[PDB]
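> please find the sequence and an experimentally derived structure below.
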Amino acid sequence: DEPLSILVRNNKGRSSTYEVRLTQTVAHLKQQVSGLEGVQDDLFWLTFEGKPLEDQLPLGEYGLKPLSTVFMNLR
């Protein structure tokens, strides 16, 4: 019952709104992208506040903000 609507921008392109949860970890967010854009999970990597965040921890702690614009980055 905790659907967090965050904004994820494709590096420089479109800012897409993603349906995540507080029960979901950042690792699971990566895994979602891994299902679509999963081309080597070390070539694509998402970072928000300039940090890679702790994918060990749930997205609730960092992504609680619906304005949290996570940038889908490419290495």
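Yep, it's here. Numbering: from 1, shown residues only.

> where is the longest helix in this protein?
Longest helix in the chain, counting residues (DSSP state H): helix 26-36.

> gap between it and the chain center?
Relative to its parent chain, helix 26-36 has a centroid offset of 8 Å by CA atoms, centre = their mean, to the nearest Å.

> give me the contacts around that helix.
With CB atoms under 8 Å, 6 or more residues apart in numbering as the test, helix 26-36 has contacts from 18, 20, 41, 44-46, 53-59, 62-63, 70, 72. Placement of C-beta: from N, CA and C, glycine included.

> can you tell me which of these are buried?
Buried members of the contacts of helix 26-36, counted by 16 or more other CB atoms under 10 Å: 18, 20, 44-46, 53, 55, 58-59, 62-63, 70, 72.

> quick one: end-to-end distance for stretch 12-23.
Criterion CA to CA, to the nearest Å; first-to-last residue distance in stretch 12-23 is 28 Å.

> run through who's touching it.
Residues from elsewhere that reach stretch 12-23, judged by CB under 8 Å, 6+ apart: 2-10, 29, 32, 58-60, 63-64, 69-70.

> quick one: the closest residue to residue 2 other than its chain neighbours from residue 70, how far?
Excluding the flanking residues, the one nearest residue 2 by CB to CB, 6 or more residues apart in numbering is residue 22, at 4.5 Å. In this structure, residue 22 and residue 70 are 15 Å apart, going by CB to CB, to the nearest Å.

> how about residue 27?
When CB to CB is the yardstick, residue 27 and residue 70 sit 13 Å from each other.

> isn't residue 71 right next to residue 44, touching?
No: under the criterion of CB atoms under 8 Å, residue 71 makes no contact with residue 44, lying 11.3 Å away.

> list residues touching both of the two?
The overlap between the contact sets of residue 71 and residue 44 (CB under 8 Å, 6+ apart) is empty.

> so where does residue 45 fall, helix or strand?
Following DSSP states H and E, one finds residue 45 within strand 44-47.

> how about the CA coordinates for the next helix or strand after that strand, as CSV?
Scanning forward in sequence from strand 44-47 by DSSP H and E, the next helix or strand is helix 59-63. Extracted in CSV, the C-alpha atoms of helix 59-63 (Å, rounded to 0.1, in the frame of the first residue of the first chain):
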residue,chain,number,x,y,z
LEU,A,59,14.2,2.8,-1.4
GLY,A,60,11.8,4.2,1.2
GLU,A,61,14.7,5.8,3.1
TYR,A,62,16.1,7.7,0.1
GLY,A,63,13.2,7.8,-2.4
